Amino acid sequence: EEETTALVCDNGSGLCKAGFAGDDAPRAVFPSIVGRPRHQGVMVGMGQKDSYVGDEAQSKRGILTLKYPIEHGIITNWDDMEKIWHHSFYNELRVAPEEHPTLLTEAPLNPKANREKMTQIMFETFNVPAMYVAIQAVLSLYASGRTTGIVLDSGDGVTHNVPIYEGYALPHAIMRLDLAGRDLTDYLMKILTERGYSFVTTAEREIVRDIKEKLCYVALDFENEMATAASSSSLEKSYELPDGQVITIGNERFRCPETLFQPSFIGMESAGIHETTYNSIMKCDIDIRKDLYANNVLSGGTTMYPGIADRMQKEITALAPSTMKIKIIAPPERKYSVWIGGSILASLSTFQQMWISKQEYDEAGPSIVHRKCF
């Protein structure tokens, strides 16, 4: 007999991923932007629309004042976040929130208050029957079929290192690197404009993100790469601009993600991904550490680059004490890992018990009471 279906929403700084518990992939992936009409008018088959959310807002952004409600993993503007949730159930998912248990994901070290305003909108405004809120990184790890590992999760606006032991994140060993996807796309636009290419129009600037996702990669040894490109043409690749004129970049390709290891390149006096991972593991309890080096899972869109896994392997090995079995695990579906995690959990009958129902909410909702490992 089919059981009443739960929903999984993962609301990232660049993209919302949303869908049904049981599927292998979010039935909905749209950007996390809300736009209001800067001027009155109408689209030809249409009635005046007061606001747009997702693809629609970015397609018409030239006539809207756009809003990005999730700033670096944290909900910053709760009104526009209602528009998004609203859009997810009624437009995208085509469901009535009143009859579907929703599981929501959150950032590492999300304010106790925010989780609560989130619990409250769901119950009060969306009248969700039952609801769960899990930490993004834990979902990626459990999605690897595991409960112990350390996770690097790198999206569009934030990157975090999160040690999780036996299924719970170890709160003060979490590192937060304020550099991710958007910064890398902007850095690639930086590079290419120095080179006399211009991406001035909205269409043109939009496509940088696509050469980013297409042709960028991580050099196992930046320094040697740098020499290869100076002497050959093998590293060079071209890309046709939307306007037919072509683009050809060669060393750019590993220079932009190199920012993840050397934040120097964007003037970010801060440490890079490899070392942030190292430093988190050193805040952990020395027995679990063996397990962390071996269950060092990669998660998120910025985790996508070819090569990245081998450099994490290499860089952590030249830093990790000589006997640790370092294992960088990078799943094929890893840009969807958190959502997939969320789906997998929500599907287990077991999990029906941990689900907080509106009934529990008659008895308030405090949820967080944040904690240890340091």
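Quick note: we count residues from 1 along the sequence shown, nothing fancier.
**Student:** Mean Cα B factor from the PDB record: higher for 243-251, or higher for 136-144?
**Tutor:** Higher mean C-alpha B-factor in the PDB entry: 243-251.
**Student:** Averaging the C-alpha B factors as listed in the entry, name the stretch that ends up higher: 299-307 or 226-234.
**Tutor:** Taking the mean B-factor of the alpha carbons in each, 226-234 is higher.
**Student:** Identify, among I33, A28, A346, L64, the residue whose C-alpha carries the highest B-factor in the deposited PDB entry.
**Tutor:** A346 has the highest C-alpha B-factor of those listed.
**Student:** Could you say whether, by C-alpha temperature factor, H100 belongs to the lowest, middle or highest third of its chain?
**Tutor:** CA B-factor rank for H100: middle third.
**Student:** Ranked by Cα temperature factor within the chain, is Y168 in the lowest third, the middle third or the highest third?
**Tutor:** Within its chain, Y168 is a highest-third residue by C-alpha B-factor, going by the deposited values.
**Student:** By its CA B factor, does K335 count among the lowest, middle or highest third of the modelled residues in the chain?
**Tutor:** Within its chain, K335 is a middle-third residue by C-alpha B-factor, going by the deposited values.
**Student:** Using the B-factors in the PDB entry, rank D291's C-alpha atom against the chain and give the third, lowest, middle or highest.
**Tutor:** For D291, the deposited C-alpha B-factor lands in the highest third.
**Student:** Please rank the C-alpha B-factors of the chain's modelled residues and tell me whether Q40 sits in the lowest, middle or highest third.
**Tutor:** Tercile = lowest for this residue's CA B-factor.
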